[PDB]
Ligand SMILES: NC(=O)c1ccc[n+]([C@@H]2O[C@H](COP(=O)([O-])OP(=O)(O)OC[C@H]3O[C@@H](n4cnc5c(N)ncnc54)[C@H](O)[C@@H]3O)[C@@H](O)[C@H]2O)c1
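A single chain comes next, written as structure tokens; it is the form deposited without ligand NAD.
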């Protein structure tokens, strides 16, 4: 019954002045198209060079990326690709017979164009650059357009650019912020408007994606990196603490949660975390100090079932499980971004997918995966014979609804397909 907070969030988790800026910028971009984008690039980034990169510029600007660094990025990207490919196979097409003579089915096809944004900020994961691109390509999307702002006057940060290329981007553009999102959405420079745009950004990028796409633009986890660990008495406190500190270095708002049934484990982690932080270099130390302090939580529960309940409520983007009987946890947890089962894997090793935007005040729906880039289209087809029954039912129900024209769609078919037969087609609507 009694859940026990050994450590509480000492601060609670947003002005929408982004709304004005985006409205204004989109208005301008709708008006002047490429020239407004190019001018925004100049005013905001000081950029005067080419927007669309050529295959030669790509090779040139990545030439100084060493083989060891390239092989590591290649490896990381392949982990994503291999999972996305398997996931693509998990949504099947089918046909099914319903009422005899009725056939219906689902087609599954990738969207035509996906735009991928990489903010390439100072403290960014390279995975932010390749995850969208790799996933879209593995979904079968035919055109992936990738944007990242110029790094230091030369062009796109070379690692981000290498990642874009290695992940299979079809077009790469040196563009940042709202004007990148808008250029992708409207198909500026390529003539290929994006069916969806993905990629983490500041509140302006978020707001442009919302404005242009609605819910499908804001249904991916955004905001400070999270980590949660479920642990029982078998868990190693030194590993649990390390993992929490791992994402706490992201910045002062990064939440780090431990859910446990072991008082002993909770106690040791709570003591270990500050010690681990103190041994980080300055930027990380200061970042994690604040993050652990204001957003770090430790929750001791009596039973496994209560852990599940609170974990499902918190719905961490990244959820590690360090327990005996891992099968039970996979079977019983229901809300999270992605699950890391067992001690061996860990959050830093990387996501296969990105979870939904669970911190939205729809919380379970969306995320970055192949499913985001797939359409399911439904169809039906009937023999004449099938309509004998369905025509009747439609006419009658229709006339009960007062939908006289609907009914005649059925009358006309009944007349045409069964000329020498009469049917109870309902009493016509006079009103």
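Residue numbers count along the first chain shown, from 1.
Keep in mind that the form deposited with ligand NAD bound is not shown, yet the notes after this line are about it.
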request  = Please determine, with the chain shown alone, which of 87 to 95, 194 to 202, 138 to 146, 68 to 76 has non-hydrogen atoms within 4.5 Å of ligand NAD in the deposited bound form.
outcome  = 194 to 202
request  = Considering only heavy atoms, tell me if residue 168 and ligand NAD come within 4.5 Å of each other in the deposited bound form.
outcome  = no
inquiry  = residue 44 versus ligand NAD, in the deposited bound form: is there a non-hydrogen atom within 4.5 Å?
reply    = yes
message = Quick check on residue 179: any heavy atom within 4.5 Å of ligand NAD in the deposited bound form?
response = yes
ask   = Would residue 119 count as a contact of ligand NAD in the deposited bound form, using a 4.5 angstroms cut-off between non-hydrogen atoms?
value = yes
Contact assignment for ligand NAD in the deposited bound form, among 105, 187, 158, 224, heavy atom within 4.5 Å = 224
ask   = Within 4.5 Å of ligand NAD in the deposited bound form, heavy atoms considered, which of 284, 239, 339, 124?
value = 124
task = Indicate whether the candidate residues 58, 369 and 372 are all in contact with ligand NAD in the deposited bound form, with contact defined as any heavy atom within 4.5 Å.
result = no
